[PDB]
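The figures here come from the full heavy-atom set of this structure, side chains too, leaving out hydrogens, waters and symmetry mates. Below, chains carry the letters A, B, ... as their sequence lines are ordered, and counting in each starts from 1.
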Amino acid sequence: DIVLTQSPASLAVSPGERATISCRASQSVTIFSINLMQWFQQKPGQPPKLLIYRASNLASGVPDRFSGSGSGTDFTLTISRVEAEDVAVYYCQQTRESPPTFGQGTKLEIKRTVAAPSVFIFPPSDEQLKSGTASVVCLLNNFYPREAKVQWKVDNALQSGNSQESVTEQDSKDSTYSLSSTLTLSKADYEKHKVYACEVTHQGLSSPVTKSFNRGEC
Amino acid sequence: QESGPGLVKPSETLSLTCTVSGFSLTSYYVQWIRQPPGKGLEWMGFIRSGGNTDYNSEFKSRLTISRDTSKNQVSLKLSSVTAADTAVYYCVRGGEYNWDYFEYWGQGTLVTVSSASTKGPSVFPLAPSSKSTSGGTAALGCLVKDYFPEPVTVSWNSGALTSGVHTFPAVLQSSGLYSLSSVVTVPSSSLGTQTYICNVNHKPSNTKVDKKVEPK
């Protein structure tokens with residue numbers, strides 16, 4: 001089977017600037033003077049979309065900023081002027097031999113200015129507490145870069161082992177990330193304590209931001 | 001069966017069906033390609049003109065691709081399934097139209113190979129308050145908890161509210177059940193005038209839950 005090896009594995013490009021992604025093949029993908037190399041884009045949460053076929057032919061409805069080059073074993077996808085909507089994993093594919101094979105993908109990130117998170121806290125619903133479980137949620141919204149530290153404090157005691165974080169992929173419009181930290185406690189442990197606090201540390205923040213609530217009031 | 005995710009018990013046979021429009025078109029063929037979770041893409045096989053088929057030798061033991069001209073449908077059947085067959089399956093329609101080759105990958109169907117039973121979600125509000133406000137902006141949302149298997153899709157106001165929506169990737173919990181939250185930022189002025197409803201779709205359990213989120 002032909003193996004396709006892409007480079008780079010990941011890259012970060014400022015809007016307006018050029019992205020260059022290469023794809024190497026173990027064997028020639030050329031037959032009848034045709035280079036059977038395709039390029040695909042998989043945006044966050046979406047199926048793959050054909051961008052280019054036969055090395056250099058743009059698919060319908062693909063912007064002209066996407067261009068394919070190369071022959072034989074060496075191929076290149078160039079995005080001339082990157083847009084925020086281009087955040088995706090890009091994949092090479094060979095159809096010269098069966099089975100068709102794909103590269104392992106190249107992750108394109110969009111470089112933007114530092115943006116501090118907007119922080120929000122959500123107490124557990126009374127409906128959920130009746131079931132015996134309390135989920136406390138803290139939201140970090142519209143921030144860059146991805147690195148952030150979220151610490152939970154219950155009655156001023158830092159928590160460990162009882163929190164899970166989830167992060168969105170970069171937004172297609174503003175190139176930011178958002179993050180959820182969910183603290184999960186038994187109903188009893190939740191009712192044993194009063195002050196629930198989310199402390200956030202990020203490059204965009206000169207000092208940590210704390211969002212807090214007292215169990216019982218709003 | 002396309003864009004209808006669900007469960008297929010280990011050792012059983014996965015049967016997926018796709019509705020195709022273009023048996024009439026030139027160059028027409030359907031490829032079946034899968035993407036395991038967190039992974040890349042794997043080509044399984046194709047069915048062409050006249051029901052001629054080609055298969056990847058990794059699955060030739062257990063893979064049959066068929067077509068039904070009566071119902072404009074193409075099907076995949078994968079026998080003796082294991083957890084390694086857990087993946088998004090794509091029915092890829094391809095051919096020539098206008099002056100260009102095209103591929104339509106569809107929506108994809110997440111198939112989870114599990115002996116565990118389906119469970120619909122418990123939906124709880126992430127209610128707006130003074131602690132969910134920033135400069136005239138309020139955050140609100142829905143916590144979608146204890147569902148199996150993936151996936152859950154979340155809309156707001158039946159698709160009318162799209163700006164400011166962030167649906168987080170699901171987390172597998174200790175319990176073997178999944179949880180996610182979908183949030184939206186809105187004007188704090190709208191909290192008393194606009195209704196906010198999360199529409200949560202769990203096709204594996206045949207369940208759809210609408211939750212109105214009200215201010216505190």
Side-chain angles (χ1 to χ4, degrees), chain A residues 42 45-48 98-102, chain B residues 1-25 28-95 103-121 147-153 170 176 178 201-208:
Chain A
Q42 188 166 34
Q46 289 189 32
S98 208
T101 55
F102 294 86
Chain B
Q1 263 254 20
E2 161 186 30
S3 210
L7 283 162
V8 176
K9 296 191 179 289
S11 99
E12 304 283 334
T13 299
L14 159 71
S15 182
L16 256 174
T17 292
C18 170
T19 76
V20 311
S21 285
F23 280 144
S24 75
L25 296 173
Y28 201 70
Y29 69 133
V30 170
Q31 313 165 60
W32 284 97
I33 303 169
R34 67 179 205 189
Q35 181 169 40
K39 314 322 301 273
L41 294 152
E42 174 166 43
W43 185 95
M44 305 186 70
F46 76 67
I47 184 147
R48 64 211 211 171
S49 42
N52 286 104
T53 56
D54 184 43
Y55 301 110
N56 185 340
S57 312
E58 211 256 319
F59 307 109
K60 224 182 281 263
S61 324
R62 334 181 271 131
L63 178 63
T64 303
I65 299 170
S66 93
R67 73 181 194 166
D68 195 349
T69 52
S70 325
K71 324 172 71 113
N72 275 337
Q73 272 171 10
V74 299
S75 75
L76 168 135
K77 164 182 301 183
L78 195 66
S79 74
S80 312
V81 292
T82 76
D85 298 316
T86 293
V88 180
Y89 288 76
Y90 298 103
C91 167
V92 184
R93 299 92 141 165
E103 280 184 8
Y104 168 64
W105 282 59
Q107 281 71 41
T109 307
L110 177 60
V111 171
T112 304
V113 180
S114 195
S115 309
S117 288
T118 196
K119 188 180 167 319
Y147 66 92
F148 191 81
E150 271 199 275
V152 153
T153 53
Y178 289 95
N201 202 16
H202 192 225
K203 304 198 226 195
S205 72
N206 280 336
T207 314
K208 178 154 177 306

field: Criterion side chain to side chain contact (heavy atoms under 4.5 Å, CB included) on B/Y104 and B/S21, from CA distance to verdict
entry: CA-CA 11 Å; B/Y104 168 64; B/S21 285; over 6 Å; no

field: Check against side chain to side chain contact (heavy atoms under 4.5 Å, CB included), B/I33 and B/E103
entry: CA-CA 12 Å; B/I33 303 169; B/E103 280 184 8; 5.6 Å; no

task: Show your reasoning for whether side chain to side chain contact (heavy atoms under 4.5 Å, CB included) applies to B/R67 and B/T69.
output: CA-CA 6 Å; B/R67 73 181 194 166; B/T69 52; 4.0 Å; yes

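With a 4.5 Å cut-off on side-chain heavy atoms, B/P204 and B/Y147 do not count as touching. Counting heavy atoms from C-beta on, the side chains of B/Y178 and B/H202 never come closer than 4.5 Å. Using a 4.5 Å cut-off on side-chain heavy atoms (C-beta onward), B/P149 and B/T118 make contact. Between B/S3 and B/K203 the shortest side-chain heavy-atom distance falls below 4.5 Å. Looking at heavy atoms from C-beta onward, B/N72 lies out of side-chain contact with B/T19 at the 4.5 angstrom threshold. Residues B/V20 and B/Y28 have side chains in contact (heavy-atom distance under 4.5 Å, counting atoms from C-beta outward). B/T13 places a side-chain heavy atom less than 4.5 Å from the side chain of B/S79.
Under the side-chain hydrogen bond (donor to acceptor under 3.5 Å, both in side chains) criterion, B/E2 pairs with B/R93, not counting sequence neighbours. Applying the side chain to side chain contact (heavy atoms under 4.5 Å, CB included) rule to B/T64 yields the partners B/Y55; only residues at least two apart in sequence or on another chain are considered. For B/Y89, there are no ring-ring contact (aromatic ring centres under 6.0 Å, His included) partners at least two apart in sequence or on another chain. The side chain to side chain contact (heavy atoms under 4.5 Å, CB included) search around B/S117 returns none, not counting sequence neighbours.
A salt bridge (charged side-chain N to carboxylate O under 4.0 Å, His left out) check over residues 50-64 of chain B, counting only residues at least two apart or in different chains, returns the pairs B/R62-B/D85.
With B/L14 as the fixed residue, the side-chain contact (heavy atoms from CB on, under 4.5 Å) test singles out one of B/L63, B/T109, B/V81: B/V81.
By the neighbour-count criterion of 12 heavy atoms within 6.0 Å, atom NZ of B/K208 is densely surrounded, having more than that number from other residues, nucleotides or ligands. Within 6.0 Å of NZ in B/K71 there are 12 or fewer heavy atoms belonging to other residues, nucleotides or ligands.
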For residues 43-52 of chain B, which side-chain N or O atoms pair as donor and acceptor with protein atoms under 3.5 Å away, sequence neighbours left out?
from  : atom 1 : to    : atom 2 : distance (Å)
B/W43 : NE1    : B/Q31 : OE1    : 3.2

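For the pair B/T86 (side chain) and B/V113 (backbone), a donor-acceptor distance under 3.5 Å is present. Between the side chain of B/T207 and the backbone N or O of B/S205, at least one donor-acceptor pair lies under 3.5 Å.
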